[PDB]
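One structure below.
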Amino acid sequence: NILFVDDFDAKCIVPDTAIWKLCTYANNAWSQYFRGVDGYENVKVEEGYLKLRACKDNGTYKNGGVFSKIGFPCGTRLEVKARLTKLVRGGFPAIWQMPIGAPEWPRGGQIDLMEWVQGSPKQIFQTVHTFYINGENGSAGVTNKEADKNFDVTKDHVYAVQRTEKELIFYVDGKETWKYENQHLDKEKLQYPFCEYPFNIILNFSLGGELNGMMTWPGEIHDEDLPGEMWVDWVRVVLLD
Ligand SMILES: [Ca+2]
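PDB author numbering runs 33 ahead of the 1-based position in the sequence shown.
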């Protein structure tokens, strides 16, 4: 029961322009190097893949990323098949979801199906953010501390999150990794916002290094590792029975 699928096999060199929008600059770790990215120069559809490129163009770091203009309800599972072409030190690829039309971050939550950093190069991270976890200023969220530590992100894997009123279930390659559960506190506490807003799909390969003179989580950029790409074979949203 498929609510949405993109196989990136349209007769087009860019992703569906009604569904996918190019990521824009913001002064944060994942967004700082969308600055000066000229249209689709780091984003194409080729050979059935969405290809998101991270590179240094003439001394400027440039990220590759899109986000979905549509969001999805509860009672659904998001599956994204992707690999990195290459491990890149300073590389910061991600597959994740933001609420559409929620209050200021992180009051509507955030779901990360996949982030990779050089600091733990044989795992990925699956993470949840809420106002109840992060408060005003926090940015760590709650992450799967028992994440697979013997994992090769440069092979194809299916990253998934099943979102219901009761819980988020995380999977890698169809295998459950962890659960973030509704505690059913007063709504006032903002502990489980995940069914009050549609959630979109964000696919990016970003570059880390320092943000305002402070080392980001993905850490130092090694220019000799660039360029790198994330290849997304498909995204689908399944409606649960
Ligand atoms: Ca494909």
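Just so you know, even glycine gets a beta-carbon here, dropped at the ideal spot from N, CA and C.
Heavy atom of ligand 1 within 6 Å of residue i beta-carbon
i	result
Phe41	yes
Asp189	no
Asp90	no
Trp264	no
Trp53	no
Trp267	yes
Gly81	yes
Continuous beta strand (DSSP E) stretch holding residue i: start and end
i	result
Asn237	235-240
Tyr204	200-205
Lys84	82-90
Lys77	76-79
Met263	261-272
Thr118	Unbroken run through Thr118: none, as it is neither H nor E.
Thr93	93-95
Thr210	208-214
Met147	143-148
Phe227	Element bounds for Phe227: n/a, residue is neither H nor E.
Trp53	53-55
Beta-carbon proximity of residue i to residue j, cut-off 7 Å
i	j	result
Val150	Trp250	yes
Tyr192	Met131	no
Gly98	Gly252	no
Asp40	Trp267	yes
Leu36	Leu244	no
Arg86	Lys188	no
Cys56	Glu198	no
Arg196	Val38	no
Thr176	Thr160	yes
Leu83	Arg140	no
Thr118	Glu262	yes
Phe238	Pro126	yes
Counted within 10 angstroms of its Cβ, other Cβ atoms place residue i as buried (16 or more) or exposed
i	result
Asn183	exposed
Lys208	exposed
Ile254	buried
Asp145	buried
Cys88	buried
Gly134	exposed
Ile234	buried
Limits of the unbroken alpha helix (DSSP H) element including residue i
i	result
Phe164	164-167
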